[PDB]
file run.csv (CSV, C-alpha atoms and all ligand atoms)
chain,number,residue,atom,x,y,z
A,7,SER,CA,22.9,-9.4,-303.2
A,8,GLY,CA,21.8,-5.7,-302.6
A,9,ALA,CA,22.6,-2.5,-300.7
A,10,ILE,CA,21.0,0.8,-299.5
A,11,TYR,CA,22.7,4.0,-300.5
A,12,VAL,CA,21.7,7.0,-298.4
A,13,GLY,CA,23.9,10.1,-298.1
A,14,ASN,CA,27.6,9.1,-297.5
A,15,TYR,CA,26.6,5.6,-296.3
A,16,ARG,CA,26.2,2.0,-297.9
A,17,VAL,CA,24.0,-0.4,-295.8
A,18,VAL,CA,24.6,-4.1,-296.6
A,19,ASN,CA,24.0,-7.6,-295.0
A,20,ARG,CA,27.0,-8.1,-292.7
A,21,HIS,CA,27.6,-11.7,-293.9
A,22,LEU,CA,27.9,-10.4,-297.5
A,23,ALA,CA,30.2,-7.3,-296.8
A,24,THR,CA,33.3,-6.8,-299.0
A,25,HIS,CA,37.0,-6.0,-298.1
A,26,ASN,CA,36.1,-2.3,-299.0
A,27,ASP,CA,33.2,-2.4,-296.6
A,28,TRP,CA,35.4,-3.5,-293.7
A,29,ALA,CA,38.2,-1.0,-294.7
A,30,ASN,CA,35.7,2.0,-294.6
A,31,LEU,CA,33.6,0.6,-291.6
A,32,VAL,CA,31.2,3.0,-289.8
A,33,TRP,CA,29.2,0.5,-287.8
A,34,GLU,CA,28.5,-3.3,-287.8
A,35,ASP,CA,26.2,-5.5,-285.6
A,36,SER,CA,26.4,-9.3,-286.0
A,37,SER,CA,23.2,-9.7,-284.0
A,38,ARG,CA,21.3,-7.7,-286.7
A,39,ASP,CA,23.3,-9.0,-289.8
A,40,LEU,CA,24.0,-5.3,-290.6
A,41,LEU,CA,27.1,-3.5,-291.7
A,42,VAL,CA,27.4,0.1,-292.8
A,43,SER,CA,30.4,1.5,-294.7
A,44,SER,CA,31.3,5.1,-295.9
A,45,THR,CA,31.0,6.2,-299.6
A,46,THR,CA,32.6,8.9,-301.6
A,47,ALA,CA,29.4,9.7,-303.6
A,48,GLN,CA,25.9,10.8,-302.4
A,49,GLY,CA,23.3,8.1,-302.2
A,50,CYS,CA,19.6,9.0,-302.8
A,51,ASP,CA,17.6,6.3,-301.1
A,52,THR,CA,15.1,7.7,-298.5
A,53,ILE,CA,14.7,5.8,-295.2
A,54,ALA,CA,11.2,5.4,-293.8
A,55,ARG,CA,10.6,6.6,-290.3
A,56,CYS,CA,7.3,4.8,-289.5
A,57,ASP,CA,5.6,1.7,-288.0
A,58,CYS,CA,4.3,0.3,-291.3
A,59,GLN,CA,3.5,-3.4,-291.4
A,60,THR,CA,2.8,-3.6,-295.2
A,61,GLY,CA,5.2,-3.0,-298.1
A,62,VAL,CA,6.8,-4.4,-301.2
A,63,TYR,CA,10.1,-6.3,-301.5
A,64,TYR,CA,12.4,-7.3,-304.5
A,65,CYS,CA,12.9,-11.1,-304.9
A,66,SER,CA,16.0,-11.7,-307.1
A,67,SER,CA,15.3,-15.5,-307.4
A,68,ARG,CA,12.0,-14.6,-309.1
A,69,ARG,CA,13.0,-11.3,-310.8
A,70,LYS,CA,9.9,-9.8,-309.3
A,71,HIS,CA,8.5,-7.5,-306.6
A,72,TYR,CA,6.0,-8.9,-304.1
A,73,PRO,CA,3.5,-7.1,-301.8
A,74,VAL,CA,3.8,-8.4,-298.1
A,75,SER,CA,2.4,-7.9,-294.6
A,76,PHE,CA,5.3,-8.1,-292.1
A,77,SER,CA,5.8,-8.3,-288.3
A,78,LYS,CA,7.3,-5.7,-286.0
A,79,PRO,CA,11.1,-5.8,-285.5
A,80,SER,CA,11.9,-8.5,-282.9
A,81,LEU,CA,14.4,-11.1,-281.6
A,82,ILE,CA,13.9,-14.3,-283.7
A,83,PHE,CA,15.8,-17.6,-283.7
A,84,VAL,CA,17.8,-18.2,-286.8
A,85,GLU,CA,19.3,-21.6,-287.5
A,86,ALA,CA,23.1,-22.0,-287.8
A,87,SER,CA,24.9,-21.3,-291.1
A,88,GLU,CA,28.4,-20.9,-292.8
A,89,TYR,CA,28.4,-17.2,-291.5
A,90,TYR,CA,26.9,-17.5,-288.0
A,91,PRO,CA,26.3,-20.1,-285.2
A,92,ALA,CA,22.7,-20.8,-284.1
A,93,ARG,CA,21.4,-17.5,-282.4
A,94,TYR,CA,18.6,-14.9,-281.9
A,95,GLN,CA,18.8,-12.2,-284.6
A,96,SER,CA,17.4,-8.8,-283.3
A,97,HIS,CA,15.4,-6.2,-285.3
A,98,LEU,CA,14.1,-8.9,-287.6
A,99,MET,CA,10.6,-8.7,-289.3
A,100,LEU,CA,9.0,-11.8,-290.9
A,101,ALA,CA,6.6,-12.1,-293.9
A,102,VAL,CA,4.9,-14.9,-295.8
A,103,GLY,CA,6.7,-14.9,-299.1
A,104,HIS,CA,9.3,-16.6,-301.3
A,105,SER,CA,13.1,-16.2,-300.7
A,106,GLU,CA,16.4,-18.1,-301.5
A,107,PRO,CA,19.9,-17.4,-300.0
A,108,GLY,CA,21.0,-15.2,-302.9
A,109,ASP,CA,17.9,-13.0,-302.3
A,110,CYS,CA,19.7,-11.3,-299.3
A,111,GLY,CA,20.1,-7.6,-299.9
A,112,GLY,CA,16.7,-7.2,-301.7
A,113,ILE,CA,15.0,-4.0,-300.5
A,114,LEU,CA,11.7,-3.9,-298.6
A,115,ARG,CA,9.9,-0.5,-299.1
A,116,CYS,CA,6.6,1.1,-297.8
A,117,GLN,CA,4.9,4.4,-299.0
A,118,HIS,CA,7.4,6.3,-296.8
A,119,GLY,CA,10.7,4.9,-298.3
A,120,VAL,CA,13.2,2.1,-297.5
A,121,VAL,CA,12.2,-0.2,-294.6
A,122,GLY,CA,15.0,-2.8,-294.6
A,123,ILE,CA,16.7,-5.6,-296.5
A,124,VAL,CA,16.2,-9.4,-296.9
A,125,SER,CA,18.4,-11.1,-294.4
A,126,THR,CA,16.8,-14.6,-293.6
A,127,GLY,CA,14.4,-17.2,-295.2
A,128,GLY,CA,13.0,-20.7,-294.9
A,129,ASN,CA,9.7,-22.6,-295.5
A,130,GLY,CA,7.5,-20.0,-297.2
A,131,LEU,CA,8.8,-17.2,-295.0
A,132,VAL,CA,11.2,-14.3,-295.6
A,133,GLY,CA,13.0,-12.3,-292.9
A,134,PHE,CA,14.0,-8.6,-293.2
A,135,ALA,CA,16.7,-6.7,-291.2
A,136,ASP,CA,14.9,-3.4,-290.2
A,137,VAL,CA,16.8,-0.1,-290.7
A,138,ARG,CA,14.1,2.5,-289.6
A,139,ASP,CA,15.6,3.0,-286.1
A,140,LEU,CA,19.1,4.0,-287.4
A,141,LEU,CA,18.2,7.8,-287.3
A,142,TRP,CA,21.9,8.7,-288.0
A,143,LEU,CA,21.8,7.4,-291.6
A,144,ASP,CA,20.1,10.7,-292.5
A,145,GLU,CA,22.1,13.1,-290.3
A,201,LIG,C1,16.7,-15.3,-297.8
A,201,LIG,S1,18.0,-16.2,-297.0
A,201,LIG,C2,17.5,-17.9,-297.1
A,201,LIG,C3,16.4,-18.3,-297.8
A,201,LIG,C4,16.1,-19.7,-297.8
A,201,LIG,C5,16.9,-20.6,-297.1
A,201,LIG,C6,17.9,-20.2,-296.4
A,201,LIG,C7,18.3,-18.8,-296.3
A,201,LIG,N1,19.4,-18.4,-295.6
A,201,LIG,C8,19.3,-17.8,-294.4
A,201,LIG,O1,18.3,-17.6,-293.8
A,201,LIG,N2,20.5,-17.5,-293.8
A,201,LIG,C9,21.9,-17.8,-294.4
A,201,LIG,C10,22.6,-16.5,-294.6
A,201,LIG,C11,22.7,-15.7,-293.3
A,201,LIG,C12,21.3,-15.5,-292.6
A,201,LIG,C13,21.3,-14.7,-291.3
A,201,LIG,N3,20.7,-13.6,-291.2
A,201,LIG,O2,21.9,-15.2,-290.3
A,201,LIG,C14,20.6,-16.8,-292.5
A,201,LIG,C15,16.5,-22.1,-297.3
A,201,LIG,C16,15.7,-22.4,-298.5
A,201,LIG,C17,14.6,-21.4,-298.7
A,201,LIG,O3,13.5,-21.7,-299.1
A,201,LIG,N4,14.9,-20.1,-298.4
A,202,ZN,ZN,6.0,3.4,-293.8

call {"tool": "encode", "arguments": {"input": "run.csv", "output": "structure tokens"}}
result
Amino acid sequence: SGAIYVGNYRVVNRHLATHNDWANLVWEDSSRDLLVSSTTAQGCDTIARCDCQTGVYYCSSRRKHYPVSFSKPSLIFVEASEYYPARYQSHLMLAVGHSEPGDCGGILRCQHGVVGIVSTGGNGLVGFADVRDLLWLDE
């Protein structure tokens, strides 16, 4: 589990979004596993606007933060699941690191702020849904 609170928005994994998220929907994209809903309070997370390929992520299955090198946002094949058929997920960045399904929502951050959230994993690899291109989260 896990979300990004910036301004009047809440950013979560689309496959984990609540009824409240869908009732206050701003934008969703199944191909990125992202959903953004509106909030009544002011979130204080800062979004990074950079091309960093190093950062730190929170791994709930280990109650620990891990430093990682990660790839640039790209289209990557993601095996079928209870939430989606087999498909290419866009804007995904991979890193060598531990992850388990309940780890989705863990934040990835660089020295410039929030980079994205855990969205995929499998065989000593963790995938992150990038959020740095969503310039409207700030405005
Ligand atoms: C960190 S998630 C994860 C971690 C692990 C495993 C599976 C997942 N599940 C995943 O990749 N999903 C399902 C949930 C929607 C995901 C999606 N974006 O379509 C795709 C298998 C065991 C393991 O070592 N790590
Ligand atoms: Zn950065």

call {"tool": "closest_residue", "arguments": {"input": "run.csv", "among": "A:17, A:123, A:102, A:114", "to": "ligand ZN 202 (chain A)", "atoms": "all atoms listed in the file"}}
result
A:114

call {"tool": "closest_atom_pairs", "arguments": {"input": "run.csv", "of": "chain A", "to": "ligand LIG 201 (chain A)", "cutoff": "8 Å", "atoms": "only C-alpha atoms and all ligand atoms", "output": "JSON lines"}}
result
{"residue": "A:19", "atom": "CA", "partner": "A:LIG201", "partner_atom": "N3", "distance": 7.8}
{"residue": "A:21", "atom": "CA", "partner": "A:LIG201", "partner_atom": "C11", "distance": 6.4}
{"residue": "A:38", "atom": "CA", "partner": "A:LIG201", "partner_atom": "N3", "distance": 7.4}
{"residue": "A:39", "atom": "CA", "partner": "A:LIG201", "partner_atom": "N3", "distance": 5.5}
{"residue": "A:84", "atom": "CA", "partner": "A:LIG201", "partner_atom": "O2", "distance": 6.2}
{"residue": "A:85", "atom": "CA", "partner": "A:LIG201", "partner_atom": "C14", "distance": 7.1}
{"residue": "A:86", "atom": "CA", "partner": "A:LIG201", "partner_atom": "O2", "distance": 7.3}
{"residue": "A:87", "atom": "CA", "partner": "A:LIG201", "partner_atom": "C9", "distance": 5.7}
{"residue": "A:88", "atom": "CA", "partner": "A:LIG201", "partner_atom": "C9", "distance": 7.4}
{"residue": "A:89", "atom": "CA", "partner": "A:LIG201", "partner_atom": "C11", "distance": 6.2}
{"residue": "A:90", "atom": "CA", "partner": "A:LIG201", "partner_atom": "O2", "distance": 6.0}
{"residue": "A:95", "atom": "CA", "partner": "A:LIG201", "partner_atom": "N3", "distance": 7.0}
{"residue": "A:104", "atom": "CA", "partner": "A:LIG201", "partner_atom": "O3", "distance": 7.0}
{"residue": "A:105", "atom": "CA", "partner": "A:LIG201", "partner_atom": "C1", "distance": 4.7}
{"residue": "A:106", "atom": "CA", "partner": "A:LIG201", "partner_atom": "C3", "distance": 3.7}
{"residue": "A:107", "atom": "CA", "partner": "A:LIG201", "partner_atom": "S1", "distance": 3.7}
{"residue": "A:108", "atom": "CA", "partner": "A:LIG201", "partner_atom": "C1", "distance": 6.7}
{"residue": "A:109", "atom": "CA", "partner": "A:LIG201", "partner_atom": "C1", "distance": 5.2}
{"residue": "A:110", "atom": "CA", "partner": "A:LIG201", "partner_atom": "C1", "distance": 5.2}
{"residue": "A:124", "atom": "CA", "partner": "A:LIG201", "partner_atom": "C1", "distance": 6.0}
{"residue": "A:125", "atom": "CA", "partner": "A:LIG201", "partner_atom": "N3", "distance": 4.7}
{"residue": "A:126", "atom": "CA", "partner": "A:LIG201", "partner_atom": "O1", "distance": 3.4}
{"residue": "A:127", "atom": "CA", "partner": "A:LIG201", "partner_atom": "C3", "distance": 3.5}
{"residue": "A:128", "atom": "CA", "partner": "A:LIG201", "partner_atom": "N4", "distance": 4.0}
{"residue": "A:129", "atom": "CA", "partner": "A:LIG201", "partner_atom": "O3", "distance": 5.3}
{"residue": "A:130", "atom": "CA", "partner": "A:LIG201", "partner_atom": "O3", "distance": 6.5}
{"residue": "A:131", "atom": "CA", "partner": "A:LIG201", "partner_atom": "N4", "distance": 7.6}
{"residue": "A:132", "atom": "CA", "partner": "A:LIG201", "partner_atom": "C1", "distance": 6.0}
{"residue": "A:133", "atom": "CA", "partner": "A:LIG201", "partner_atom": "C1", "distance": 6.8}
{"residue": "A:135", "atom": "CA", "partner": "A:LIG201", "partner_atom": "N3", "distance": 8.0}

call {"tool": "closest_atom_pairs", "arguments": {"input": "run.csv", "of": "chain A", "to": "ligand ZN 202 (chain A)", "cutoff": "8 Å", "atoms": "all atoms listed in the file", "output": "Markdown table"}}
result
| residue | atom | partner | partner_atom | distance |
| --- | --- | --- | --- | --- |
| A:54 | CA | A:ZN202 | ZN | 5.6 |
| A:55 | CA | A:ZN202 | ZN | 6.6 |
| A:56 | CA | A:ZN202 | ZN | 4.7 |
| A:57 | CA | A:ZN202 | ZN | 6.1 |
| A:58 | CA | A:ZN202 | ZN | 4.3 |
| A:59 | CA | A:ZN202 | ZN | 7.6 |
| A:60 | CA | A:ZN202 | ZN | 7.8 |
| A:61 | CA | A:ZN202 | ZN | 7.8 |
| A:115 | CA | A:ZN202 | ZN | 7.6 |
| A:116 | CA | A:ZN202 | ZN | 4.7 |
| A:117 | CA | A:ZN202 | ZN | 5.4 |
| A:118 | CA | A:ZN202 | ZN | 4.4 |
| A:119 | CA | A:ZN202 | ZN | 6.7 |
| A:121 | CA | A:ZN202 | ZN | 7.2 |

call {"tool": "write_last_selection", "arguments": {"input": "run.csv", "atoms": "C-alpha atoms", "output": "PDB file, in the frame of the given file"}}
result
ATOM      1  CA  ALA A  54      11.200   5.400-293.800  1.00  0.00           C
ATOM      2  CA  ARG A  55      10.600   6.600-290.300  1.00  0.00           C
ATOM      3  CA  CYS A  56       7.300   4.800-289.500  1.00  0.00           C
ATOM      4  CA  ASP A  57       5.600   1.700-288.000  1.00  0.00           C
ATOM      5  CA  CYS A  58       4.300   0.300-291.300  1.00  0.00           C
ATOM      6  CA  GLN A  59       3.500  -3.400-291.400  1.00  0.00           C
ATOM      7  CA  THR A  60       2.800  -3.600-295.200  1.00  0.00           C
ATOM      8  CA  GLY A  61       5.200  -3.000-298.100  1.00  0.00           C
ATOM      9  CA  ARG A 115       9.900  -0.500-299.100  1.00  0.00           C
ATOM     10  CA  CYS A 116       6.600   1.100-297.800  1.00  0.00           C
ATOM     11  CA  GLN A 117       4.900   4.400-299.000  1.00  0.00           C
ATOM     12  CA  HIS A 118       7.400   6.300-296.800  1.00  0.00           C
ATOM     13  CA  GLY A 119      10.700   4.900-298.300  1.00  0.00           C
ATOM     14  CA  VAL A 121      12.200  -0.200-294.600  1.00  0.00           C
TER      15      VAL A 121
END

call {"tool": "closest_residue", "arguments": {"input": "run.csv", "among": "A:66, A:36, A:45, A:139", "to": "residue 91 in chain A", "atoms": "all atoms listed in the file"}}
result
A:36

call {"tool": "residues_around", "arguments": {"input": "run.csv", "residues": "residue 28 in chain A", "least_positions_apart": "3", "cutoff": "9 Å", "atoms": "only C-alpha atoms", "output": "list in words"}}
result
residues 23, 24, 25, 31, 32, 41, 42 and 43 of chain A

call {"tool": "atom_distance", "arguments": {"input": "run.csv", "atom1": "CA of residue 64 in chain A", "atom2": "CA of residue 7 in chain A"}}
result
10.8 Å

call {"tool": "atom_distance", "arguments": {"input": "run.csv", "atom1": "CA of residue 75 in chain A", "atom2": "CA of residue 141 in chain A"}}
result
23.4 Å

call {"tool": "atom_distance", "arguments": {"input": "run.csv", "atom1": "CA of residue 22 in chain A", "atom2": "CA of residue 136 in chain A"}}
result
16.5 Å

call {"tool": "closest_residue", "arguments": {"input": "run.csv", "among": "A:14, A:99, A:79, A:63", "to": "residue 120 in chain A", "atoms": "all atoms listed in the file"}}
result
A:63

call {"tool": "closest_residue", "arguments": {"input": "run.csv", "among": "A:82, A:9, A:40, A:113", "to": "residue 98 in chain A", "atoms": "all atoms listed in the file"}}
result
A:82

call {"tool": "closest_residue", "arguments": {"input": "run.csv", "among": "A:67, A:37, A:77, A:48", "to": "residue 15 in chain A", "atoms": "all atoms listed in the file"}}
result
A:48

call {"tool": "closest_residue", "arguments": {"input": "run.csv", "among": "A:111, A:138, A:68, A:27", "to": "residue 97 in chain A", "atoms": "only C-alpha atoms"}}
result
A:138
